Structures are given as C-alpha cells and as structure tokens.
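Participant: So that you have it, the file is structure.cif, and it contains mmCIF, N, CA, C and O atoms and all ligand atoms:
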```cif
data_upload
loop_
_atom_site.label_atom_id
_atom_site.label_comp_id
_atom_site.auth_asym_id
_atom_site.auth_seq_id
_atom_site.Cartn_x
_atom_site.Cartn_y
_atom_site.Cartn_z
N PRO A 25 8.38 12.79 4.91
CA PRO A 25 7.36 12.74 3.88
C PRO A 25 7.56 11.64 2.83
O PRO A 25 6.61 10.96 2.46
N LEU A 26 8.78 11.48 2.33
CA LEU A 26 9.05 10.48 1.34
C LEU A 26 8.91 9.07 1.94
O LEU A 26 8.45 8.16 1.26
N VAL A 27 9.33 8.92 3.19
CA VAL A 27 9.17 7.66 3.96
C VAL A 27 7.71 7.28 4.05
O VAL A 27 7.35 6.13 3.83
N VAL A 28 6.89 8.28 4.34
CA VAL A 28 5.44 8.09 4.46
C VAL A 28 4.86 7.67 3.13
O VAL A 28 4.17 6.65 3.06
N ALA A 29 5.20 8.40 2.07
CA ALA A 29 4.77 7.99 0.73
C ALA A 29 5.14 6.56 0.32
O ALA A 29 4.32 5.81 -0.22
N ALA A 30 6.41 6.23 0.49
CA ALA A 30 6.92 4.93 0.14
C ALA A 30 6.20 3.85 0.95
O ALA A 30 5.91 2.78 0.44
N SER A 31 5.96 4.13 2.22
CA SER A 31 5.29 3.15 3.11
C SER A 31 3.84 2.94 2.71
O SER A 31 3.38 1.77 2.58
N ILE A 32 3.15 4.04 2.37
CA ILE A 32 1.74 3.88 1.99
C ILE A 32 1.72 3.02 0.73
O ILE A 32 0.88 2.13 0.59
N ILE A 33 2.62 3.33 -0.19
CA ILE A 33 2.62 2.67 -1.48
C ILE A 33 2.95 1.19 -1.36
O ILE A 33 2.34 0.36 -2.04
N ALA A 34 3.97 0.85 -0.57
CA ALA A 34 4.38 -0.55 -0.28
C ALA A 34 3.22 -1.36 0.33
O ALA A 34 2.93 -2.51 -0.07
N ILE A 35 2.54 -0.73 1.27
CA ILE A 35 1.37 -1.36 1.90
C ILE A 35 0.20 -1.60 0.95
O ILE A 35 -0.44 -2.68 1.04
N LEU A 36 -0.08 -0.64 0.05
CA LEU A 36 -1.11 -0.81 -0.95
C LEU A 36 -0.76 -1.97 -1.89
O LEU A 36 -1.62 -2.73 -2.29
N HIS A 37 0.52 -2.08 -2.24
CA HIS A 37 0.99 -3.20 -3.04
C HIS A 37 0.71 -4.51 -2.32
O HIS A 37 0.20 -5.49 -2.90
N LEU A 38 1.06 -4.55 -1.06
CA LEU A 38 0.82 -5.75 -0.23
C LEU A 38 -0.68 -6.16 -0.22
O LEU A 38 -1.05 -7.36 -0.50
N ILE A 39 -1.52 -5.18 0.09
CA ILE A 39 -2.98 -5.36 0.11
C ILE A 39 -3.46 -5.89 -1.27
O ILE A 39 -4.19 -6.89 -1.31
N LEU A 40 -3.08 -5.23 -2.36
CA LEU A 40 -3.58 -5.61 -3.67
C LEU A 40 -3.05 -7.01 -4.07
O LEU A 40 -3.78 -7.81 -4.64
N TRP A 41 -1.78 -7.31 -3.78
CA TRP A 41 -1.20 -8.64 -4.02
C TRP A 41 -1.91 -9.74 -3.23
O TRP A 41 -2.25 -10.78 -3.80
N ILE A 42 -2.17 -9.51 -1.94
CA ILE A 42 -2.96 -10.46 -1.14
C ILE A 42 -4.37 -10.68 -1.73
O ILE A 42 -4.78 -11.85 -1.96
N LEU A 43 -5.07 -9.59 -2.05
CA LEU A 43 -6.43 -9.71 -2.59
C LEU A 43 -6.40 -10.49 -3.89
O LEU A 43 -7.27 -11.31 -4.12
N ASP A 44 -5.40 -10.23 -4.73
CA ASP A 44 -5.26 -11.01 -5.97
C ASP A 44 -5.02 -12.52 -5.70
O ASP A 44 -5.60 -13.37 -6.38
N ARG A 45 -4.20 -12.85 -4.71
CA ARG A 45 -4.01 -14.23 -4.32
C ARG A 45 -5.29 -14.89 -3.82
O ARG A 45 -5.54 -16.06 -4.13
N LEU A 46 -6.11 -14.17 -3.08
CA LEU A 46 -7.40 -14.69 -2.60
C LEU A 46 -8.40 -14.89 -3.74
O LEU A 46 -9.28 -15.74 -3.64
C1 LIG B 1 -7.09 13.31 15.26
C2 LIG B 1 -7.12 12.01 14.47
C3 LIG B 1 -6.98 12.30 12.97
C4 LIG B 1 -6.69 11.06 12.11
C5 LIG B 1 -5.92 11.47 10.86
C6 LIG B 1 -6.76 11.33 9.63
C7 LIG B 1 -6.73 9.87 9.25
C8 LIG B 1 -7.43 9.62 7.93
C9 LIG B 1 -7.50 8.11 7.79
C10 LIG B 1 -7.45 7.53 6.59
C11 LIG B 1 -7.53 6.03 6.47
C12 LIG B 1 -7.92 5.61 5.06
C13 LIG B 1 -6.98 4.48 4.71
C14 LIG B 1 -7.24 3.96 3.32
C15 LIG B 1 -7.97 2.65 3.37
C16 LIG B 1 -8.09 2.08 1.96
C17 LIG B 1 -7.55 0.67 1.89
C18 LIG B 1 -7.22 0.31 0.45
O1 LIG B 1 -7.70 -1.01 0.15
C19 LIG B 1 -7.64 -1.45 -1.24
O2 LIG B 1 -6.58 -1.34 -1.81
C20 LIG B 1 -8.86 -1.99 -1.95
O3 LIG B 1 -9.58 -2.82 -1.04
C21 LIG B 1 -8.56 -2.79 -3.23
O4 LIG B 1 -9.78 -3.34 -3.78
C1 LIG B 2 -2.42 2.55 -7.76
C2 LIG B 2 -2.75 3.53 -6.64
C3 LIG B 2 -1.52 4.32 -6.17
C4 LIG B 2 -1.83 5.40 -5.14
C5 LIG B 2 -0.59 6.22 -4.79
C6 LIG B 2 -0.67 6.83 -3.38
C7 LIG B 2 0.56 7.69 -3.12
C8 LIG B 2 0.70 8.21 -1.69
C9 LIG B 2 0.25 9.63 -1.77
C10 LIG B 2 0.85 10.67 -1.18
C11 LIG B 2 2.07 10.60 -0.28
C12 LIG B 2 2.28 11.98 0.40
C13 LIG B 2 2.81 11.93 1.84
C14 LIG B 2 2.23 13.10 2.62
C15 LIG B 2 3.13 13.67 3.70
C16 LIG B 2 2.88 15.16 3.86
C17 LIG B 2 3.68 15.89 2.79
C18 LIG B 2 3.85 17.38 3.10
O1 LIG B 2 4.80 17.53 4.16
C19 LIG B 2 5.44 18.78 4.60
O2 LIG B 2 6.60 18.71 4.99
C20 LIG B 2 4.71 20.09 4.61
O3 LIG B 2 4.34 20.45 3.28
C21 LIG B 2 5.51 21.22 5.28
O4 LIG B 2 5.27 21.19 6.70
#
```
Could I get this structure in the form of structure tokens?
Ligand SMILES: CCCCCCCC/C=C/CCCCCCCCOC(=O)[C@H](O)CO
Ligand SMILES: CCCCCCCC/C=C\CCCCCCCCOC(=O)[C@H](O)CO

Facilitator:
Amino acid sequence: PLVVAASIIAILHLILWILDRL
C-alpha cells in the first residue's frame, strides 16, 4: 500500500513538472 501511494505521488510530480516545463 505505501509503495503504491509513493508511486502514484512520484508519478503525479513527474506529470506536473513536465506540464510546467511545456
Ligand atoms: C477490472 C479493471 C478495473 C480497473 C481498476 C480501476 C482503475 C481506475 C483507473 C483510474 C485511472 C485514473 C488515473 C488518473 C489520471 C489523472 C492524471 C493526472 O494528470 C494531471 O496531473 C493533470 O493533467 C494536471 O493538469
Ligand atoms: C497535489 C495532489 C496530491 C494527490 C495525492 C494522492 C495520494 C495517493 C492516494 C492514496 C494512496 C492509497 C493507496 C491505496 C492502496 C490500498 C490501501 C488499502 O489496502 C489494504 O491493505 C486494505 O485496507 C486491507 O486489505
């Protein structure tokens, strides 16, 4: 469960960082 949480959160960070760069 914690792995899943951390992974979702890391991925959302990635998505939001990429969108900000674009
Ligand atoms: C029997 C099969 C059952 C399947 C199990 C249920 C699966 C439910 C699926 C959920 C997928 C939703 C993912 C969230 C996408 C949002 C991207 C977030 O993007 C962003 O961060 C914004 O674009 C920022 O502006
Ligand atoms: C700025 C926007 C930030 C958005 C933050 C999103 C955080 C991610 C949200 C939830 C992570 C929960 C993981 C779910 C696994 C199931 C837990 C339950 O698992 C279990 O073990 C059962 O209870 C017992 O079988």

Participant: Report, in Å with one decimal, the straight-line distance from CA of residue 30 (chain A) to atom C18 of ligand LIG 2 (chain B).

Facilitator: 13.2 Å

Participant: Could you report the residues within 7 Å of ligand LIG 1 (chain B), using all atoms listed in the file, as a ChimeraX atom specification?

Facilitator: /A:35-36,39-40

Participant: Around ligand LIG 2 (chain B), which protein and nucleic acid residues have at least one atom no more than 7 Å from it, if we count only C-alpha atoms and all ligand atoms? List them as an MDAnalysis selection string.

Facilitator: chainID A and resid 25:26 28:29 32:33
